[PDB]
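*Asks:* Right, I'll just put the structure down here and ask away after.
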Amino acid sequence: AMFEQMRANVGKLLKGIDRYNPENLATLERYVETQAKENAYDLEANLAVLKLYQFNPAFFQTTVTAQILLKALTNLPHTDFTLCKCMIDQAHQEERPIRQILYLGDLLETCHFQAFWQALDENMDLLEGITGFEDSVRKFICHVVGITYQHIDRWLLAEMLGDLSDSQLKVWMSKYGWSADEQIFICXXXXXXXXXXXXXXXXX
Amino acid sequence: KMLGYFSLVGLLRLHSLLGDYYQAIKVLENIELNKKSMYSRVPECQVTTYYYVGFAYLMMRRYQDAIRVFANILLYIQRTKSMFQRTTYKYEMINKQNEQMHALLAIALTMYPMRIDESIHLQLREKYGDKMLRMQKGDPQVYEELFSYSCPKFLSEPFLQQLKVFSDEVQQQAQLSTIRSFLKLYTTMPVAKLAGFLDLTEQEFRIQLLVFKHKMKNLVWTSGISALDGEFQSXXXXXXXXXXXXXXXXXXXXXXXX
């Protein structure tokens, strides 16, 4: 679709110095919109966009910036979200809704999943166009769960994944191969020589 | 090419002051050039390069690279705790700049290892020593207050550092270290003891959350957490022993050679 069609041109733009010309923002912003709708992704292009905004303040676009940050979050545990923050100055991070989005990201980074879902205005405008946003977040959560739990309450996992029905929970357990148990099932000679040498050294 | 390298370093610094983090990092990556030309031309240039490297390290998550570059620019306490003493050849203004760089490094330096060193630094000032004490205490209330009082030092341009971002990030890492320091080592631990210790942390509910969160970090390991019981459970050895023996021998060698 559109993402694949723009990919070549954007890649070429990023290979050269035109990536520093704000006249190319219109093209890069439509590219970001396509990433959201098709659930496609291009970090390099998104960082280039943020850079263009920082260098040419008058072009700062709230929606595109918010989508870039939200998509970056969908790429956790990778450093995407942190890199984007490095590309936005304090004044802009403090503006609505960038401030709110960074706050949400903070909940995810600090792994406060229940708090995240609670604070997440499910009917938030910016989220509607970001295809698969909620499921992408769940993948990160399952990544963390697979690392921090040996066993976990079935009810607790569903809560952490955004208050899922038992049927929806089953989808994620199936995806990572977790199964319920009692509950959901989730998960000489050389040395001697060395001593001899050490001893000799000590004696000496 | 030394002059060109200096131009790159200055330009990179300017970009950092008014410039994005990644481009500056790339410039730094190109930037390093043989030591010797810099040494022949002037004492100071090398110190400036070291400072730039330290800044890059600070921007970088790792504090290790910056720790080395800063010590070379200025003397730093070595692994095995031996003093590192720097040359005084560089011009006095440059030396003052180097001292400022060393003061900046303390922030990187504390992260690198240990522990309570300010011997090279003047005893009288409470700005750095007080900060060291607060870290030793392990209580944020003192740490937070230290930032609050020496708010002025952090600010020193204002747009460039509008929000104090780096200091806050550093403090949050600093708060976590003490809890890991107990570092488990107990097969099974009473919940109440954990609660008493986690209570000190600002969030009351953190231990249910703060304890599980620590496990996710992996700095400290918790066993049986989230259990119905509610009580946490907590060749290789030979290798460790051999390592120690090696260190002992090394110390002896240095003694004999001396």
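Residue names in the structure tokens use chain letters A, B, ... in the order shown, residue numbers from 1 in each chain, and ligand numbers from 1 in the order shown.
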Considering only C-alpha atoms, extract the chain B residues located within 10 Å of chain A and return them as a ChimeraX atom specification.

*Replies:* /B:18-23,59,159-165,209-210,212-218,221-227,235,238-239,241-242,245-246,248-250,252-253,256

*Asks:* What would the file look like if the residues just selected were written as a PDB file, in the first residue's frame with C-alpha atoms?

*Replies:*
```
ATOM      1  CA  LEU B  18      22.458  24.411  20.722  1.00  0.00           C
ATOM      2  CA  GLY B  19      22.547  20.984  19.064  1.00  0.00           C
ATOM      3  CA  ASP B  20      20.959  17.525  18.927  1.00  0.00           C
ATOM      4  CA  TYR B  21      22.529  14.605  20.809  1.00  0.00           C
ATOM      5  CA  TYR B  22      22.977  12.074  17.978  1.00  0.00           C
ATOM      6  CA  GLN B  23      24.750  14.326  15.452  1.00  0.00           C
ATOM      7  CA  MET B  59      25.147  11.569  26.988  1.00  0.00           C
ATOM      8  CA  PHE B 159      16.902  27.105  27.843  1.00  0.00           C
ATOM      9  CA  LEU B 160      19.704  24.626  27.211  1.00  0.00           C
ATOM     10  CA  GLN B 161      19.000  23.278  30.667  1.00  0.00           C
ATOM     11  CA  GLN B 162      15.387  24.290  31.253  1.00  0.00           C
ATOM     12  CA  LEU B 163      14.290  21.223  33.242  1.00  0.00           C
ATOM     13  CA  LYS B 164      17.372  19.878  35.056  1.00  0.00           C
ATOM     14  CA  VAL B 165      16.735  16.647  33.152  1.00  0.00           C
ATOM     15  CA  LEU B 209       5.025  -2.981  43.209  1.00  0.00           C
ATOM     16  CA  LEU B 210       8.457  -1.634  44.131  1.00  0.00           C
ATOM     17  CA  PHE B 212       8.336  -6.807  41.805  1.00  0.00           C
ATOM     18  CA  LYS B 213       9.711  -3.887  39.790  1.00  0.00           C
ATOM     19  CA  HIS B 214      13.171  -4.531  41.228  1.00  0.00           C
ATOM     20  CA  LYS B 215      12.951  -8.130  40.017  1.00  0.00           C
ATOM     21  CA  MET B 216      12.176  -6.863  36.515  1.00  0.00           C
ATOM     22  CA  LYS B 217      15.315  -4.720  36.672  1.00  0.00           C
ATOM     23  CA  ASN B 218      17.223  -7.852  37.698  1.00  0.00           C
ATOM     24  CA  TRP B 221      16.491 -11.389  42.677  1.00  0.00           C
ATOM     25  CA  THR B 222      13.241 -12.188  44.480  1.00  0.00           C
ATOM     26  CA  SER B 223      11.925 -15.726  44.946  1.00  0.00           C
ATOM     27  CA  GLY B 224       8.334 -16.659  45.746  1.00  0.00           C
ATOM     28  CA  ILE B 225       7.117 -13.117  45.120  1.00  0.00           C
ATOM     29  CA  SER B 226       3.373 -12.863  44.462  1.00  0.00           C
ATOM     30  CA  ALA B 227       3.043 -16.166  46.322  1.00  0.00           C
ATOM     31  CA  UNK B 235      33.043 -25.043  39.744  1.00  0.00           C
ATOM     32  CA  UNK B 238      36.432 -22.514  42.579  1.00  0.00           C
ATOM     33  CA  UNK B 239      36.851 -19.958  39.793  1.00  0.00           C
ATOM     34  CA  UNK B 241      38.663 -18.458  44.705  1.00  0.00           C
ATOM     35  CA  UNK B 242      41.281 -18.731  41.971  1.00  0.00           C
ATOM     36  CA  UNK B 245      44.426 -15.882  44.719  1.00  0.00           C
ATOM     37  CA  UNK B 246      45.494 -14.141  41.518  1.00  0.00           C
ATOM     38  CA  UNK B 248      46.864 -11.612  46.093  1.00  0.00           C
ATOM     39  CA  UNK B 249      49.784 -12.687  43.916  1.00  0.00           C
ATOM     40  CA  UNK B 250      49.551  -9.478  41.889  1.00  0.00           C
ATOM     41  CA  UNK B 252      52.772  -9.377  46.190  1.00  0.00           C
ATOM     42  CA  UNK B 253      54.471  -8.900  42.824  1.00  0.00           C
ATOM     43  CA  UNK B 256      58.502  -7.286  45.454  1.00  0.00           C
TER      44      UNK B 256
END
```

*Asks:* Per DSSP on the backbone, filter stretch 15-225 of chain B down to the residues in alpha helix (DSSP H) and report them as a PyMOL selection string.

*Replies:* chain B and resi 15-18+21-31+35-41+43-59+64-73+92-111+126-137+140-149+151-155+165-182+191-199+206-217

*Asks:* Which residues are close to residue A:56, i.e. within 12 Å by only C-alpha atoms, leaving aside same-chain residues fewer than 6 positions away? Reply as a PDB file with C-alpha atoms, in the first residue's frame.

*Replies:*
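Output saved as selection17.pdb:
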```
ATOM      1  CA  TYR A  20      17.780  18.471   6.576  1.00  0.00           C
ATOM      2  CA  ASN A  21      15.471  20.479   4.312  1.00  0.00           C
ATOM      3  CA  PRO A  22      12.095  21.170   6.022  1.00  0.00           C
ATOM      4  CA  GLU A  23      10.463  21.435   2.588  1.00  0.00           C
ATOM      5  CA  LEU A  25       8.338  17.541   5.888  1.00  0.00           C
ATOM      6  CA  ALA A  48      14.690  12.776  11.057  1.00  0.00           C
ATOM      7  CA  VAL A  49      11.256  14.375  11.395  1.00  0.00           C
ATOM      8  CA  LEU A  50      11.814  15.235  15.063  1.00  0.00           C
TER       9      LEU A  50
END
```

*Asks:* What are the nearest atom pairs, with distances in Å to one decimal, for all residues of stretch 42-123 of chain B that come at most 10 Å from stretch 132-136 of chain B, using only C-alpha atoms, set out by chain and rising residue number as CSV?

*Replies:*
```
residue,atom,partner,partner_atom,distance
B:106,CA,B:132,CA,9.8
B:110,CA,B:132,CA,8.7
B:115,CA,B:132,CA,8.4
B:116,CA,B:132,CA,6.5
B:117,CA,B:132,CA,8.6
B:118,CA,B:132,CA,9.0
```

*Asks:* Smallest atom-to-atom distance to residue B:78: which of B:125, B:112, B:62, B:50, using only C-alpha atoms?

*Replies:*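 Nearest to residue B:78: B:112.
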
*Asks:* Between A:95, A:43, A:186, A:113, which is the closest to residue A:82 once you count only C-alpha atoms?

*Replies:*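 Looking at the shortest contact to residue A:82, the residue is A:43.
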
*Asks:* Determine, counting only C-alpha atoms, which protein, DNA and RNA residues have an atom within 12 Å of an atom of residue A:8; residues of the same chain fewer than 5 positions away are not included. Present the result as a ChimeraX atom specification.

*Replies:* /A:2-3,13-15,31,42,45

*Asks:* Enter the distance from atom CA of residue B:58 to atom CA of residue B:37, in Å, rounded to one decimal.

*Replies:*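 Between atom CA of residue B:58 and atom CA of residue B:37 the gap is 26.1 Å.
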
*Asks:* With distances taken over only C-alpha atoms, which residue among B:27, B:108, B:103, B:75 lies nearest residue B:128?

*Replies:* B:103

*Asks:* For residue B:76, which residue among B:142, B:120, B:45, B:104 is the nearest when counting only C-alpha atoms?

*Replies:*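 The closest residue to residue B:76 is B:120.
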
*Asks:* For stretch 165-170 of chain A, work out the shell of residues within 10 Å, counting only C-alpha atoms and skipping chain neighbours fewer than 4 positions away, then give it as a list in words.

*Replies:*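 Non-adjacent residues within range: residues 154, 155, 157, 158, 159, 161, 174, 175, 178, 179 and 184 of chain A.
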
*Asks:* Write out the residues from the selection above, keeping C-alpha atoms, as an mmCIF file, in the first residue's frame.

*Replies:*
```
data_model
loop_
_atom_site.group_PDB
_atom_site.id
_atom_site.type_symbol
_atom_site.label_atom_id
_atom_site.label_comp_id
_atom_site.auth_asym_id
_atom_site.auth_seq_id
_atom_site.Cartn_x
_atom_site.Cartn_y
_atom_site.Cartn_z
ATOM 1 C CA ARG A 154 -4.426 -15.987 35.486
ATOM 2 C CA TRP A 155 -6.487 -13.043 36.757
ATOM 3 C CA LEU A 157 -2.028 -11.465 33.765
ATOM 4 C CA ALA A 158 -5.370 -10.421 32.233
ATOM 5 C CA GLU A 159 -5.326 -7.263 34.367
ATOM 6 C CA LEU A 161 -2.733 -6.918 29.670
ATOM 7 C CA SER A 174 -1.240 -19.100 23.058
ATOM 8 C CA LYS A 175 1.052 -16.587 21.371
ATOM 9 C CA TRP A 178 2.106 -20.283 28.196
ATOM 10 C CA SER A 179 -0.205 -22.870 29.772
ATOM 11 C CA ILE A 184 -1.544 -20.594 33.676
#
```
